[PDB]
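First, one chain by itself in structure tokens, the form deposited in one PDB entry.
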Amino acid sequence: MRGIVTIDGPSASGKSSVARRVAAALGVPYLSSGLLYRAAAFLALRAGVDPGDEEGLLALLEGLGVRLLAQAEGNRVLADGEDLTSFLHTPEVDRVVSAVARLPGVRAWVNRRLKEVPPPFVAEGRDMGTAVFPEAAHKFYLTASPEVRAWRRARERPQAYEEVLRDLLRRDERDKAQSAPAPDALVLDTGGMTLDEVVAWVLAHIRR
């Protein structure tokens, strides 16, 4: 696989886990676009920047030199060379990230970072196969029921299922504009499947 594989989908549909495993099986990096959006949100919070102040936020992001590090075991985001990854997957970041991700300048900043990577790679996000890498040779859209996505996510947050579900429903709703599947994406419902099964299906499709 020498081109680009995109994997898009709503929260907890399985994108990061599948992209990591598929990329490792193909011998290429994977790029988690949401990690950059999460970093943008985390930095704005930490800096006391008003979430509607695009200019100030962009001044900060470019000013700090924020970078995505694609490592096989998982992506990392650095700001001024320092690893912020451990702070990006909190309920707090989950709850405010959509508001920051809606800013045109932030999306343009994230996409510039993604476009700096030479192919091949597998990229996961909301609009990888539509807005960012529409030329991708292999596109996938993962989806599952809100209940199972909330069930999966609750295992990864200091929150119970019902709150996780409420939060997930809201976030996916707030992400609607950037979340439609590419028309040529293979849509897979991952509910009821193991990570291994989804990876196997995706690789089989890629290797058709």
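Residue indices: 1-based, along the sequence shown.
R46 is built in all of the other entries compared, counting only those with both neighbours built, so it is not a gap in a third. Compared with the other entries of this protein, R166 is consistently built, present in every one of those that build its neighbours rather than absent from a third. Between 33 to 41 and 163 to 171, it is 163 to 171 that carries the larger average Cα temperature factor according to the deposited entry. Stretches 20 to 28 and 189 to 197 differ in mean C-alpha B factor, with the higher average recorded for 189 to 197. For the set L64, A177, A182, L142, the PDB entry puts the maximum C-alpha B factor at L64. When the modelled residues of the chain are ordered by C-alpha B-factor, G81 sits in the highest third. Among the modelled residues of the chain, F133 sits in the lowest third by CA temperature factor in this PDB entry. In the PDB entry, a CA B factor belonging to the middle third of its chain's modelled residues is recorded for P104. Among all modelled residues in this chain, the alpha-carbon of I206 has a temperature factor (C-alpha) in the middle third. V97 sits in the lowest third of its chain by CA B factor, as recorded in the PDB entry.
The same protein also exists as the form deposited in another entry; that form is not shown, yet it is the one meant from here on.
Comparing the chain between this form and the one not shown, the hinge between its two rigid parts falls at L31, out of the candidates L31, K139, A150, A144.
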